[PDB]
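In case you want the letters, here they are:
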Amino acid sequence: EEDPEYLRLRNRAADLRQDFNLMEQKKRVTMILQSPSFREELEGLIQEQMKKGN
Amino acid sequence: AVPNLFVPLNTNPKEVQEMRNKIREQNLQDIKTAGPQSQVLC
Amino acid sequence: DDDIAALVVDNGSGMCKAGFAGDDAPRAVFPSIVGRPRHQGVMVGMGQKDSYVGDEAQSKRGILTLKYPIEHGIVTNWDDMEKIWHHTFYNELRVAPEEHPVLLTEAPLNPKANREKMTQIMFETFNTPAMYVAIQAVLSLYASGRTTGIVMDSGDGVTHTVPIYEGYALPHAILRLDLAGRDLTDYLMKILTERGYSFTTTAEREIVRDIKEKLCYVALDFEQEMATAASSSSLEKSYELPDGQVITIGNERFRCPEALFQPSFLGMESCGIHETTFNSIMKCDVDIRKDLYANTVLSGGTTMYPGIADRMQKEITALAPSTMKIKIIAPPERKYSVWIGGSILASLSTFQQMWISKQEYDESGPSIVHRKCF
Amino acid sequence: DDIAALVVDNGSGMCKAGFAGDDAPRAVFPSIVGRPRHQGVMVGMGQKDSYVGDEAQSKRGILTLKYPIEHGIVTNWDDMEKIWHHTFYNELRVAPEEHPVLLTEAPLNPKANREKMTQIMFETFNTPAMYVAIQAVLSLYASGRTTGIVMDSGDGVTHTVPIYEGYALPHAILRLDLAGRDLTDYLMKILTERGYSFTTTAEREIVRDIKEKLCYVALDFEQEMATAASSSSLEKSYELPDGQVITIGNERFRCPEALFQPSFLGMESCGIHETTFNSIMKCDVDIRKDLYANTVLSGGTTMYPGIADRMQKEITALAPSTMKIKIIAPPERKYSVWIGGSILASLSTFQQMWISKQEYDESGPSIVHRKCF
Amino acid sequence: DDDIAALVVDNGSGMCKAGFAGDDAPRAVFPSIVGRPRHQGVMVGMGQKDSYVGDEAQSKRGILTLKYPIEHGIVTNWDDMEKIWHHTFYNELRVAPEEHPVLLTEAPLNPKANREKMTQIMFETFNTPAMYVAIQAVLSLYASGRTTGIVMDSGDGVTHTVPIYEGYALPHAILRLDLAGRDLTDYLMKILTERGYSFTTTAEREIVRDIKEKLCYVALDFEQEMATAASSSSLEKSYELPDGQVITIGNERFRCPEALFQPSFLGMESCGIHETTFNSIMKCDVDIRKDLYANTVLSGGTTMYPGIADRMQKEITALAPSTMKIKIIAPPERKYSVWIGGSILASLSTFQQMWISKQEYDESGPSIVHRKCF
Ligand SMILES: Nc1ncnc2c1ncn2[C@@H]1O[C@H](COP(=O)(O)OP(=O)(O)O)[C@@H](O)[C@H]1O
Ligand SMILES: Nc1ncnc2c1ncn2[C@@H]1O[C@H](COP(=O)(O)OP(=O)(O)O)[C@@H](O)[C@H]1O
Ligand SMILES: Nc1ncnc2c1ncn2[C@@H]1O[C@H](COP(=O)(O)OP(=O)(O)O)[C@@H](O)[C@H]1O
């Protein structure tokens, strides 16, 4: 078919799909972000690289 | 310049695919046609 | 979509990955290759182009000379680099670079001027509003969930181990080794000649790389595994070529990755990765070594060989003192972990202060990146 | 749009000609030139120095037939000029100054052939533009696919060329000097065993008609020898022009078998199936499985009944067993080249590729190597 | 009871040379072709020869189908190769094979089955007392008499470059190219096709090889030479067939060997021989490179075209840094040079302890060749 979604499914190999599913299941970015303590601790840490660089 | 000296680039294959079908249409439809008549004849 | 979201682009020697800020997964992953035709082309009226880029280049492998624009983590052909970035922005992501900021990753130790070039062709041609450059291996530690530990990243172009203490890296203890997956592919092609099979062109190198990705593993003990292969024939696998031929590689499955631990096979002076990270730990202070042993994180494509973690742990425990405890950390998605770290770094509200403004670049020239980026 | 171009196919055996954009050629006629050899006694019948084409075929009793094209090479240029004049004026009835012409010739040919062809088509007929193309590329146009290896067998020469995605590999082009004329000569040689003797050039056409009518390619050679030795069911009867009746029998499947085993003619070269397989193996690794699935037959010599099954079986035997071999033989494969010519001649993007008359004037006849292929 | 001098047998593809140890020049030189008849023998009382071997087979080329037992330096027909070895031992040298040691040569990167089969068929059939296998390029540099240099041997079948510094050979810097005399003969046939001459049979392939040997040269400037050939007809030579027919080559004289420096004419994507030598040099360590720039050695029959040395010196000087001197060493008798070195290696009193003994072969099998010789 002429749709780019159908060609998107047609082109890419199986291992890329396997990796996409694997790292879509765990959702690492969401786990780092919406967890409050670690997220705002890196917030503060980046604050002191601003303080420290110049 | 040496790999594709003989042909022009950035041409759609759909044009060739259309023309082959157009020529096959005459075979399917069994068209009567004559050749181009000359201007000096006219 | 309502607000402009930054673009996270991870660009190594092997493949290029690109996605949006805060997303779980990158949208596009494709090999970093630019191909050009070599054979005479006589078919007028159909599709021919002077250069093929991306996955389309690897599709038509049989009529191209594949050419990697990034060599050993250093960009050596900038026109092909611009073509790769254009294909990344427009063909795959289909978003204009002028609306959104971009975030790039780069090797720890490198020529200085490369960063300047990465500045100059990013503001001048693509007209981005802002960018930032970050070290590749720090993002692995950020994505793993740890602010303190030593991380090894061995991509397709370069291997480097950096120790990070309290989320804030140590420059003097950074160790860089020029031994990566491409040299392993070349060694595998060289040792596959001894069985009779010959591979010489670029497409054959791609096929050999596929063979390496399919059937390789790291032995727990080299001598015992070699004697085991000397005993029986249970260590034989058959791979079917795109021609239709079948080859039986057999003994070479654990000899190709063993060059990572014994680089004397290639003739290089430097020794293996395990003593490299051991020396990187020993270059640090005594007080912080306890946290560094317990927080060792593996990352990069080359570190996906089966059995790499057990062999690495055994070697580094043999090197380490007996009273110290060793913990290796092997994420199941380590191959993309750097990009995941980038997605963390583009979502922090403090990171809005990190961006290099276009006006600042216009004021300070291409040398703004050394003072702005750490 | 404006004036249509001319498509002319000059094989070694028969000449074909028509207008571009047409389905089938208007004029199809053998490429022979005949001259009389006996005494002429009837005063007032008029004189005729040469007989060209089909007119020489009907009055072939009192002529010595001569072929201007031999093994794909033009040996006698005067007879080629006569054939081209007859084609332009008596068969198509068009002035050559108004039309561009597209010509066909073999892959590997001497340079002087192309140079003299360009000089003849510009100097005498005064055509405004002209072009030369390889016949098998035009066969791939006729098939309609972008990828495949194409094997064309005419009356003069057999050649295989593989093309992948519009790019043609020059080092994998194979040329073999085994064609229909050699098979006709071998049939003339093996018809001696039963007592029939054909010597003069008039009887060569009779032998060619016998070959076209009552020959077929055996699937298994030794089994057919056993069958023809056991019974008389394989014999067929043919009627000569003078009224005698001949009966071939065993020689029906021995003449076309010689393509697959050229040692019958004394040639050292390999068969057509091995030539196609070797030309495939000369290519790169990644395109071989595409070439296995798109083998195209072209030319009149491949019109024997049962050629496709024998070719598929032989190439299946030679190739690795894990892949599929399919042979694509269109029923109208005799005129495939000409059909491809039409498809090429009236493309919109092809109109910039004609060799202009001014370019020939300012460059000499050497311009055809820089353009064309 | 003096020890008898050993036998030196050089076997590249397409020519076999043999002689006694300690002599200046080989006793026997003959092509490595074997022919079999294809036509029917109708005269009764004729001799019954199944196979014509060697130089004799080149006398009656008209009635045989010539074949080569070696393809690209790999012996593809062992039972056929036994005929060449038997004819060498019994008819040319007419020596007893059980009485003298035999020294043999091969290409660098070959399958191990080649060496093992050579050792097995030398001990088991001809019953030699001792044997040895030596790499050809080391023998050529022995013949040149210098203990440090890079040598590029180009013979019918193979081209290979090895560097040696102070008696040490770097294994990772060895490069091998499958661009040789037979491919040039095939290309000469292909380009002689368009002049108007056609050669198809292998008996005509020998004639084309003779034409290549008699009338070829390498031009210093390729474009200027083509312009000169187009402008005037002074660069024309005539040759007589065995049939007896004057043919004129003209332009194709300097185009057949030019494919050595530009392999893209054949369709191969590999680099030229000059860039192969340069890449082999740059793969070595820094402190030896100057010496390797001063001791380039040419060897093999394919390097016997006039003007190869000047063209290669010019090209390497165009690639190398300007501050060094590039010297090309080409002895006049370089075609035999490999064999000459073997004789020297067969005459040293130090070498005599390192022959592969039959007794140790009896318990080590044919795998002792990998343990004993390089
Ligand atoms: N599953 C696997 N098994 C073995 N090797 C792999 C695997 N995946 C990737 N590799 C190797 O790693 C390389 C890709 O490394 P990658 O991490 O993509 O580099 P970067 O991301 O730094 O560009 C490939 O060239 C391949 O040789
Ligand atoms: N129907 C047929 N069956 C078998 N052989 C044929 C048939 N038609 C033609 N031929 C053979 O093919 C030859 C004509 O081939 P042709 O396509 O005219 O070659 P070209 O056009 O290249 O000169 C004849 O000499 C004859 O030997
Ligand atoms: N005098 C010469 N001039 C040019 N080329 C030559 C000459 N002699 C031999 N050759 C080429 O060199 C090849 C012979 O190579 P040779 O050195 O005999 O290989 P090897 O010794 O490894 O068998 C022949 O194929 C021929 O093409």
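Residues numbered from 1 in each chain as written, not as in the entry; some residues may be left out. Chains lettered and ligands numbered in written order. Part of a larger assembly, values for the part shown. Heavy atoms only, no water.

Its PDB header attributes the entry to cryo-EM and lists the resolution as 3.6 Å.

Trainee: Just to check I follow, could you spell out the site of ligand 1 for this structure?
Mentor: All names here are of chain C. As a matter of local geometry, ligand 1 sits amid 17 residues, with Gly 12, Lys 17, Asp 156, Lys 212 and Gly 301 nearest to it. Contacts to ligand 1 include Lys 17, whose side-chain N or O atom sits 2.8 Å from an oxygen atom. With respect to ligand 1, the side chain of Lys 212 contributes an N or O atom lying 2.6 Å from an oxygen atom. Counting residues per element, the ones that place at least two in the shell around ligand 1 are β2 (15-20) and α6 (202-214). By residue number, the principal contributor to the shell around ligand 1 is α6, which donates three residues. Of the residues that constitute the shell around ligand 1, the class distribution is three nonpolar, seven polar and seven charged. (Near = heavy atom within 4 Å. Polar contact = N/O pair within 3.5 Å; in protein donor to acceptor, adjacent residues only side chain to side chain. Helix = DSSP H or I, 4+ residues; strand = E, 2+ residues; numbered from the N terminus. Nonpolar A, V, L, I, M, F, W, Y, C, P; charged D, E, K, R; others polar.)

Trainee: Would you mind showing me how to read the interface of chain C and chain A here?
Mentor: Bring the parts together and some accessible area is lost; that lost area is often taken as the interface size. Taken residue by residue, the interface counts 33 residues in chain C and 28 residues in chain A. Around 2,800 Å² of area is buried between chain C and chain A when both sides are counted, 63% of it from carbon and sulfur atoms. Per-residue buried area on chain C facing chain A is highest for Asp 24, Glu 333 and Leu 348 of chain C; these three make up 21% of the total on that side. Taken together, the links from chain C to chain A amount to two salt bridges. Taking the shortest distance from any N to any O, the salt bridge between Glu 333 of chain C and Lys 26 of chain A comes out at 4.0 Å. (Contact = heavy atoms within 4.5 Å. Buried area = accessible area lost by both parts, 1.4 Å probe. Salt bridge = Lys/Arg side-chain N within 4 Å of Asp/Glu carboxyl O.)

Trainee: Help me understand the nonpolar core, please; the structure alone is not making it clear to me.
Mentor: The tendency in soluble globular proteins is for nonpolar side chains to be buried as a group. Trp 85, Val 102, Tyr 132, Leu 345 and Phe 351 of chain C are the most contacted members of the largest nonpolar core, which totals 72 residues. If we ignore the near neighbours within four places in the chain, the residues touching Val 102 of chain C are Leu 7, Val 9, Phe 89, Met 122, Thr 128, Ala 130, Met 131, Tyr 132 and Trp 355 of chain C. One finds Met 19 of chain B together with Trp 84, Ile 120 and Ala 142 of chain D within the second-largest nonpolar core, a separate group that totals 65 residues. (Core = buried A, V, L, I, M, F, W, Y, C linked by side-chain atoms within 4.5 Å. Buried < 20%, exposed > 50% of the residue type's maximum accessible area, 1.4 Å probe, protein only.)

Trainee: Hey, could you run me through the site of ligand 3 in this one?
Mentor: Residues and elements named next belong to chain E. Around ligand 3 lies a shell of 15 residues, among which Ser 13, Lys 17, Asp 156, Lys 212 and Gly 301 are the nearest. In this structure, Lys 17 approaches ligand 3 through a side-chain N or O atom, which is 2.8 Å from an oxygen atom. Contact distances for ligand 3 include 2.9 Å between an oxygen atom and a backbone N or O atom of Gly 301. Within the complex, the protein chains bury 88% of what would otherwise be the 570 Å² of accessible surface of ligand 3. Breaking the shell around ligand 3 down by element, the ones donating at least two residues are β2 (15-20) and α5 (202-214). Looking at the shell around ligand 3 element by element, the count peaks at three residues for α5. Its residues assigned to classes, the shell around ligand 3 comprises three nonpolar, six polar and six charged. (Areas by Shrake-Rupley, 256 points an atom, 1.4 Å probe, with all protein chains shown as cover.)

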